[PDB]
Amino acid sequence: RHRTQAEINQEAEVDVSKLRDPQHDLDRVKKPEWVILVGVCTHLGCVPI
Amino acid sequence: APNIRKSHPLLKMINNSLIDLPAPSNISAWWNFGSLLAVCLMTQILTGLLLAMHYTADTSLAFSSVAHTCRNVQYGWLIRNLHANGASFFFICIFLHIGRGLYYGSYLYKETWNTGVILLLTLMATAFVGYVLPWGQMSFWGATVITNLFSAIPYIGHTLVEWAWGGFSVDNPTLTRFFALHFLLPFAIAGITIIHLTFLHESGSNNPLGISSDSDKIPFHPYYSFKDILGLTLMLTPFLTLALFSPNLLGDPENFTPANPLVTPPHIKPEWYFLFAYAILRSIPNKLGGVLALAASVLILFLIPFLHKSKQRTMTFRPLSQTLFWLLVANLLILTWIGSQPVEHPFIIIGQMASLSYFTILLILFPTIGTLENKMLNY
Amino acid sequence: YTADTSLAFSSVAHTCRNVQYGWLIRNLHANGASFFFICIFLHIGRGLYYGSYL
Amino acid sequence: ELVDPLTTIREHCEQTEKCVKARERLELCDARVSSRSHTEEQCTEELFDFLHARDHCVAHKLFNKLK
Amino acid sequence: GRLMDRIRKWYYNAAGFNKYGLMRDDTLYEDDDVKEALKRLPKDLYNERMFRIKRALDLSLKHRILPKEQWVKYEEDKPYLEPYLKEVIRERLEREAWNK
Amino acid sequence: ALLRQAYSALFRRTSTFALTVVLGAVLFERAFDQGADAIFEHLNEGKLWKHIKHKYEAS
Amino acid sequence: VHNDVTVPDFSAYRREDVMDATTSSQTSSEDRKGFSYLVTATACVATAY
Amino acid sequence: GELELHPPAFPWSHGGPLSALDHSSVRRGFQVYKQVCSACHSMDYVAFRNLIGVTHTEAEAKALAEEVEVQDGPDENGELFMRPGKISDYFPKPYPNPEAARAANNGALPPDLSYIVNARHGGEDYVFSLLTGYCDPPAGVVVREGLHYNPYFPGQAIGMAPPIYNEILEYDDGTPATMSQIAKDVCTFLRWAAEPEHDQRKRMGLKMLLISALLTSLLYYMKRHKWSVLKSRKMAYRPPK
Amino acid sequence: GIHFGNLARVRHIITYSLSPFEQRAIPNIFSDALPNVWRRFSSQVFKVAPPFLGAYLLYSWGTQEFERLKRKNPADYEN
Ligand code: HEC
Ligand code: HEM
Ligand code: HEM
Ligand SMILES: COC(=O)CNC(=O)CCC/C=C\NC(=O)c1ccc(Cc2ccc(I)cc2)cc1
Ligand SMILES: CCCCCCCCO[C@@H]1O[C@H](CO)[C@@H](O)[C@H](O)[C@H]1O
């Protein structure tokens, strides 16, 4: 996914210590405008929309 | 010697369990579901084979084989209909057959009951796998969510799932082995049904008044054989009326789209008979919680026999319990509905409540009202 | 297995070649049949000789 | 050049009160929104409400005229 | 007080086992203690309990009840078993606590 | 009396009772089918291929 | 004593043809049965079809 | 678009629990499929033989099926060769695979229309309104380039160009090819195409209801008849005294 | 497998009943049948209906409240 700055910053400023899986938006991506992941809801497997 | 109906090691049985069988002169119509359930089983199995004789368990042909079966097989279409819905009619019947038991406390016949539970559990499982065979969008995504449920157990979790799918994600190996499962399970039901009934025959049937009936019993035949042939035709009418006049009422249409492991549909609902479960699993916002709540949501039946506190057997004479019973029924009706609805307000909170109230009526309100009741009779 | 002319044969080989211990599992089934018929055959002869047929 | 009984009755119905009442609500939404940029609002709702009432009406008659 | 007493009477008419002619103790579920008790019943009291039930059963089968004038009345309800039972139970309670 | 004649020559001998349900059902089918077919083909006049048939069946 | 015992009144439920305690119940039997048997026989046909 | 517009309930000539499809509107609907939809929409589970005895004569179908060249083979050298169509072939795919179709419709995949009528909430009621209901986006809605507006379609941005317009084709039975008149006939066809049994299904239903009425009553008798004995029964308790 | 005879000990009970062929299919449909079909309905509708009705309500509310939350509130666009 191609993320705009209209979103890239918004996802950087969020209490990083109150997730369920503690992580910063920076340790998951190399270059912000491109978020990439395996579309599998960790719950029970459906493809998240 | 004398008659060849009591000394024949075979004929004696059909006569020792279906004709001379002593039955309370007064069992109602809520006792009929027993047979129906049986006729229901044997019937599913017939349409089942007939069907299995044209299906082809393999992702690249599962869907198309079912259609070919409908379109090209003589009366195939009909044959599917009867099977597809029989499942419902089945779950319906089983549901009353369980309520009947709750109300009149048949659950005091522990063994006859526990087996019942196992039976339910198997039917539930059975329908699950059957539903996946047509390899539709739900079939898939259903097969994908349900099995995934076991992944909630820690350690042997993720790993147990693997056997199930026979892969690292749902694919052919899953389908084919499900077909095997589905083909097999019914027979196991028919088998346990034999234990179920066989346990019941040590004690005789319970009865609406909840008191000894030795003082007056009647031969299953022709009193109940006739009562049942009628019961069968009274239930058979609607079920045929649907499968002949509105085949798809109870069925989701999304499953008319070939499974696509890449797109999970937006409006995802399991078939009606799993909604209440669905609702509960969705009520608790935690992988494990939801599972557990689910697990217990049904596994609780095993407890009903130890949560009986009333000095009487049936509710017929306990208005308080009665109201609480009907409150529970309705409570269930809601949970179902809730399952039919998406995760949003108010639904989320409504769901959450109904569940709490379900578990609470069973675990605390019934045993509590039950005791109180006794003291009001002066016991 | 996959009952369908265009894949029947191949499924059995895939079962032998790719399924863990599949090959063994077939063997046992394939021959059990025989062992089965053998046994049954004596089980009948036993019957004939000692007239269990009564 | 012939007339599709649809567009003929789609006309007729747009006269029913329900229709106009909603037709107007839209006309108005459309206006305030079209004449303002750096918004968020959309006139879908209003529109549906309209199409809803309209077509529902179309539904009762349309088929009489179709073959 | 005279509350539980005006309550009990209500509940009694509420449960409605009288409509069938059944005494309070006719509707008791027969566990092991009751069973035992019932066996200790004087010839007649038992033959009587019997009829009442075989009659109630006959009712439930026909789907009818007793005409208003034959129903049991809260105060005319004879607890013919309660005493025999409390004894069985009292007896049992002993054997149990004594086996320690 | 029909019922008596009925009970005498039919419903009495278990052997002929059966023989009746058989020859009986027979007629019933034959007849019933016709009716339902008719009640149906009638409720759907001019919509069945059996009705449209002649517009293309070159004859 | 076995003398103070008599069969109650089953007139409420008796079939009209045998309600009068002075007419042989044997004339009106052929019918009473032919009928119930006709219902039966018919049902059997319905099933068969 | 958390919001959606649901379709109305047209009184299809075959809606009633005893109403057969309009075997004429179906023959037309077909033509509409054959002359318009069959350029983007596949019909894999239907075949020319299915038409016989339902909308077309045997002779017609043969010809119908011969208007297409199908891929049979291999021959004796092992080459795939084209050949005229036989009644036994299914309706031809407009594309060789979804990958292709997408590419020729702007990444959008025009779904096979065999079971379409039963795969969308609303059925023929929905399919009708989608076809007719095409219109302009209301205030504040921008439809991506290549997509058209349609209030009836979920998301309102449908990748299908409005397929029909008056006279777009011309029925051979002499019927006013108005937009709806077509959309009515094609939607009617889809139904038949989706569940050909339909007719024989309702005919049986009737028969069932009739036997089921008769037989249920006939048994209400025989159940009571036998039970009477226990219902009329009377008992009395006569002790010694 | 025999249960008939070993059941219970009963004394002094006389029962009389009549052949089916001697009595009526279904009798007193009006002087006895219906009037009882009612009684039953009457006595039970007050334990059953309540919670069902209770549900119905809750269903409509939940549903009505949901469809309501879908509509748009002008107070967000009058600015
Ligand atoms: C120009 C190619 C084209 C033709 C010809 C065409 N369609 Fe389509 N159709 C499409 C496309 C593209 C879609 C997919 C829309 C999407 O998913 O974005 C589609 C989708 C559909 C859908 C609904 C898809 C959904 O998700 O609801 C239906 C129904 C349909 N078409 C019917 C018809 C009918 C009827 C005709 C013939 C009378 C027809 N189409 C002719 C291109 C076409
Ligand atoms: C395939 C599964 C089942 C079938 C075919 C079946 C069949 C029967 C039959 C034939 C009877 C006797 C007649 C009757 O009372 O209805 C019976 C009784 C009974 N069954 Fe089931 N049963 C099934 C499932 C269950 C389930 C899921 C329960 C509940 C957990 C259950 C509990 C009982 C009990 C308590 C009785 C006692 C009846 C009484 O109270 O007299 N059964 N069953
Ligand atoms: C235990 C009772 C049974 C139940 C509860 C049941 C239920 C179902 C269900 C839920 C489906 C999916 C139906 C659908 O496509 O809408 C199905 C499919 C199928 N079942 Fe069963 N079934 C039963 C027994 C069997 C048996 C005994 C066989 C034969 C071994 C069988 C063969 C099939 C076949 C071939 C399908 C796939 C084709 C189809 O979906 O129509 N089933 N069954
Ligand atoms: C008839 O089959 C179906 O309804 C299966 N299909 C679907 O559920 C379609 C939608 C799939 C998505 C979610 N499903 C669930 O969350 C779901 C959760 C619990 C259950 C009950 C159940 C548990 C174990 C077992 I083992 C069985 C049942 C059933 C479904
Ligand atoms: C001489 C024997 C001829 C057998 C022909 C079998 C063809 C079955 O013909 C059937 O006729 C029915 C008429 O009611 C139709 O409703 C069915 O759809 C059709 O398949």
# chains A, B, ... in the order shown; residues from 1 in each chain; ligands from 1
$ residues_around --residues "residue 45 in chain D" --least-positions-apart "2" --cutoff "9 Å" --atoms "only C-alpha atoms" --output "mmCIF file with N, CA and C atoms, in the first residue's frame"
data_model
loop_
_atom_site.group_PDB
_atom_site.id
_atom_site.type_symbol
_atom_site.label_atom_id
_atom_site.label_comp_id
_atom_site.auth_asym_id
_atom_site.auth_seq_id
_atom_site.Cartn_x
_atom_site.Cartn_y
_atom_site.Cartn_z
ATOM 1 N N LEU D 26 -33.204 17.500 -1.353
ATOM 2 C CA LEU D 26 -31.989 17.277 -2.127
ATOM 3 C C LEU D 26 -31.569 18.568 -2.803
ATOM 4 N N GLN D 42 -21.927 15.067 1.786
ATOM 5 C CA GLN D 42 -22.249 14.448 0.506
ATOM 6 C C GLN D 42 -23.772 14.387 0.487
ATOM 7 N N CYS D 43 -24.393 14.445 -0.688
ATOM 8 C CA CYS D 43 -25.854 14.389 -0.734
ATOM 9 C C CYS D 43 -26.387 13.029 -1.168
ATOM 10 N N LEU D 47 -30.315 11.893 -1.691
ATOM 11 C CA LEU D 47 -30.583 11.290 -2.987
ATOM 12 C C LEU D 47 -31.306 9.971 -2.850
ATOM 13 N N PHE D 48 -30.738 9.078 -2.057
ATOM 14 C CA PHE D 48 -31.358 7.785 -1.857
ATOM 15 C C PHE D 48 -32.799 7.995 -1.446
ATOM 16 N N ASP D 49 -32.984 8.713 -0.342
ATOM 17 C CA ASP D 49 -34.313 8.996 0.165
ATOM 18 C C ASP D 49 -35.204 9.273 -1.015
ATOM 19 N N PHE D 50 -34.668 10.021 -1.968
ATOM 20 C CA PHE D 50 -35.438 10.351 -3.146
ATOM 21 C C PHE D 50 -35.670 9.143 -4.037
ATOM 22 N N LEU H 3 -23.486 3.480 3.984
ATOM 23 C CA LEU H 3 -24.891 3.481 3.583
ATOM 24 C C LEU H 3 -25.162 2.792 2.245
ATOM 25 N N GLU H 4 -26.358 2.224 2.101
ATOM 26 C CA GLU H 4 -26.727 1.559 0.855
ATOM 27 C C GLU H 4 -28.217 1.648 0.557
ATOM 28 N N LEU H 5 -28.533 1.752 -0.729
ATOM 29 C CA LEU H 5 -29.909 1.842 -1.191
ATOM 30 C C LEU H 5 -30.363 0.460 -1.648
ATOM 31 N N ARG I 71 -28.121 7.692 9.600
ATOM 32 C CA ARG I 71 -28.506 8.974 9.026
ATOM 33 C C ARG I 71 -27.478 10.029 9.435
ATOM 34 N N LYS I 72 -27.516 11.193 8.786
ATOM 35 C CA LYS I 72 -26.574 12.260 9.108
ATOM 36 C C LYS I 72 -27.177 13.397 9.922
#
$ select_by_dssp --residues "chain F" --states "alpha helix (DSSP H)" --output "number ranges by chain"
F: 2-9, 14-43, 49-52
$ residues_around --residues "residue 29 in chain E" --least-positions-apart "2" --cutoff "10 Å" --atoms "only C-alpha atoms" --output "ChimeraX atom specification"
/B:210-212,310-314 /E:25-27,31-32,34-35
$ residues_near_ligand --ligand "ligand 2" --cutoff "6 Å" --atoms "only C-alpha atoms and all ligand atoms" --output "PyMOL selection string"
chain B and resi 31-35+37-38+94+98+101+106-107+112-113+116-117+119-120+189+193+197+205-206
$ residues_near_ligand --ligand "ligand 4" --cutoff "6 Å" --atoms "only C-alpha atoms and all ligand atoms" --output "list in words"
residues 124, 125, 127, 128, 131, 138, 141, 142, 145, 146, 268, 269, 270, 271, 274, 277 and 278 of chain B
$ residues_near_ligand --ligand "ligand 3" --cutoff "6 Å" --atoms "only C-alpha atoms and all ligand atoms" --output "JSON list (two decimals) with C-alpha atoms, in the first residue's frame"
[["chain", "number", "residue", "atom", "x", "y", "z"],
["B", 41, "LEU", "CA", -30.86, -38.92, 10.47],
["B", 44, "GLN", "CA", -30.14, -37.27, 5.58],
["B", 45, "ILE", "CA", -27.93, -40.32, 4.98],
["B", 48, "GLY", "CA", -26.41, -37.95, 1.37],
["B", 49, "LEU", "CA", -25.22, -41.07, -0.45],
["B", 51, "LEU", "CA", -25.52, -36.95, -3.52],
["B", 52, "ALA", "CA", -22.03, -38.19, -2.73],
["B", 55, "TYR", "CA", -19.88, -34.89, -5.95],
["B", 66, "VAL", "CA", -22.63, -29.72, -7.26],
["B", 80, "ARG", "CA", -29.88, -31.59, -2.95],
["B", 84, "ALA", "CA", -29.49, -29.05, 2.29],
["B", 87, "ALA", "CA", -29.96, -30.30, 7.98],
["B", 123, "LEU", "CA", -24.26, -33.22, 14.45],
["B", 126, "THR", "CA", -21.05, -32.95, 10.85],
["B", 127, "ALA", "CA", -22.97, -30.07, 9.35],
["B", 130, "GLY", "CA", -20.80, -30.93, 4.91],
["B", 131, "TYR", "CA", -21.25, -27.21, 4.34],
["B", 133, "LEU", "CA", -17.96, -29.50, 0.33],
["B", 134, "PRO", "CA", -19.73, -27.27, -2.22],
["B", 182, "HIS", "CA", -18.68, -35.87, 6.34],
["B", 183, "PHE", "CA", -19.23, -39.31, 4.75],
["B", 186, "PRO", "CA", -23.38, -39.56, 10.23]]
$ decode --residues "range 22-45 of chain A" --atoms "N, CA and C atoms" --output "PDB file, in the first residue's frame"
ATOM      1  N   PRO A  22       3.193  -4.054  21.201  1.00  0.00           N
ATOM      2  CA  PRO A  22       3.967  -2.807  21.269  1.00  0.00           C
ATOM      3  C   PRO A  22       4.998  -2.560  20.161  1.00  0.00           C
ATOM      4  N   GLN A  23       4.658  -1.686  19.215  1.00  0.00           N
ATOM      5  CA  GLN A  23       5.561  -1.353  18.113  1.00  0.00           C
ATOM      6  C   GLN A  23       5.323   0.014  17.468  1.00  0.00           C
ATOM      7  N   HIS A  24       6.410   0.584  16.963  1.00  0.00           N
ATOM      8  CA  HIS A  24       6.419   1.893  16.319  1.00  0.00           C
ATOM      9  C   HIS A  24       6.265   1.709  14.806  1.00  0.00           C
ATOM     10  N   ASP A  25       5.573   2.630  14.147  1.00  0.00           N
ATOM     11  CA  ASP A  25       5.371   2.535  12.703  1.00  0.00           C
ATOM     12  C   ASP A  25       6.666   2.508  11.887  1.00  0.00           C
ATOM     13  N   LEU A  26       7.798   2.753  12.544  1.00  0.00           N
ATOM     14  CA  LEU A  26       9.103   2.775  11.878  1.00  0.00           C
ATOM     15  C   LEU A  26       9.823   1.422  11.791  1.00  0.00           C
ATOM     16  N   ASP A  27       9.565   0.530  12.747  1.00  0.00           N
ATOM     17  CA  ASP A  27      10.214  -0.788  12.753  1.00  0.00           C
ATOM     18  C   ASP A  27       9.557  -1.785  11.797  1.00  0.00           C
ATOM     19  N   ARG A  28       8.459  -1.370  11.172  1.00  0.00           N
ATOM     20  CA  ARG A  28       7.722  -2.235  10.258  1.00  0.00           C
ATOM     21  C   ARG A  28       7.944  -1.887   8.789  1.00  0.00           C
ATOM     22  N   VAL A  29       8.333  -0.643   8.524  1.00  0.00           N
ATOM     23  CA  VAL A  29       8.552  -0.203   7.151  1.00  0.00           C
ATOM     24  C   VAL A  29       9.965   0.314   6.876  1.00  0.00           C
ATOM     25  N   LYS A  30      10.349   0.298   5.603  1.00  0.00           N
ATOM     26  CA  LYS A  30      11.659   0.777   5.171  1.00  0.00           C
ATOM     27  C   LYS A  30      11.458   2.217   4.695  1.00  0.00           C
ATOM     28  N   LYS A  31      10.462   2.430   3.838  1.00  0.00           N
ATOM     29  CA  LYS A  31      10.135   3.773   3.367  1.00  0.00           C
ATOM     30  C   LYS A  31       8.622   3.913   3.516  1.00  0.00           C
ATOM     31  N   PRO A  32       8.184   4.719   4.503  1.00  0.00           N
ATOM     32  CA  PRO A  32       6.796   5.023   4.872  1.00  0.00           C
ATOM     33  C   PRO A  32       5.686   5.030   3.815  1.00  0.00           C
ATOM     34  N   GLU A  33       5.909   5.654   2.659  1.00  0.00           N
ATOM     35  CA  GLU A  33       4.855   5.685   1.646  1.00  0.00           C
ATOM     36  C   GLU A  33       4.462   4.298   1.136  1.00  0.00           C
ATOM     37  N   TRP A  34       5.170   3.263   1.595  1.00  0.00           N
ATOM     38  CA  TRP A  34       4.869   1.889   1.195  1.00  0.00           C
ATOM     39  C   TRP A  34       4.765   0.923   2.374  1.00  0.00           C
ATOM     40  N   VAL A  35       3.541   0.661   2.819  1.00  0.00           N
ATOM     41  CA  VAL A  35       3.319  -0.282   3.907  1.00  0.00           C
ATOM     42  C   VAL A  35       2.994  -1.611   3.234  1.00  0.00           C
ATOM     43  N   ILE A  36       3.625  -2.684   3.698  1.00  0.00           N
ATOM     44  CA  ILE A  36       3.398  -4.003   3.120  1.00  0.00           C
ATOM     45  C   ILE A  36       3.245  -5.094   4.180  1.00  0.00           C
ATOM     46  N   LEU A  37       2.221  -5.926   4.010  1.00  0.00           N
ATOM     47  CA  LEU A  37       1.925  -6.982   4.968  1.00  0.00           C
ATOM     48  C   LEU A  37       1.111  -8.147   4.375  1.00  0.00           C
ATOM     49  N   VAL A  38       1.024  -9.244   5.128  1.00  0.00           N
ATOM     50  CA  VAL A  38       0.283 -10.439   4.709  1.00  0.00           C
ATOM     51  C   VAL A  38      -1.157 -10.358   5.196  1.00  0.00           C
ATOM     52  N   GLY A  39      -2.053 -10.029   4.276  1.00  0.00           N
ATOM     53  CA  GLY A  39      -3.462  -9.879   4.596  1.00  0.00           C
ATOM     54  C   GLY A  39      -4.212 -11.013   5.259  1.00  0.00           C
ATOM     55  N   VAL A  40      -3.864 -11.305   6.506  1.00  0.00           N
ATOM     56  CA  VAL A  40      -4.528 -12.369   7.224  1.00  0.00           C
ATOM     57  C   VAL A  40      -4.834 -11.942   8.638  1.00  0.00           C
ATOM     58  N   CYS A  41      -6.091 -11.620   8.890  1.00  0.00           N
ATOM     59  CA  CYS A  41      -6.506 -11.222  10.223  1.00  0.00           C
ATOM     60  C   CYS A  41      -5.953 -12.287  11.157  1.00  0.00           C
ATOM     61  N   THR A  42      -5.222 -11.866  12.180  1.00  0.00           N
ATOM     62  CA  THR A  42      -4.641 -12.808  13.128  1.00  0.00           C
ATOM     63  C   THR A  42      -5.698 -13.522  13.962  1.00  0.00           C
ATOM     64  N   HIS A  43      -6.904 -12.960  14.002  1.00  0.00           N
ATOM     65  CA  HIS A  43      -7.981 -13.558  14.781  1.00  0.00           C
ATOM     66  C   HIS A  43      -8.217 -14.980  14.312  1.00  0.00           C
ATOM     67  N   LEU A  44      -8.981 -15.116  13.232  1.00  0.00           N
ATOM     68  CA  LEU A  44      -9.284 -16.430  12.702  1.00  0.00           C
ATOM     69  C   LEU A  44      -9.131 -16.609  11.193  1.00  0.00           C
ATOM     70  N   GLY A  45      -8.279 -15.785  10.578  1.00  0.00           N
ATOM     71  CA  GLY A  45      -7.984 -15.936   9.161  1.00  0.00           C
ATOM     72  C   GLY A  45      -8.646 -15.259   7.969  1.00  0.00           C
TER      73      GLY A  45
END
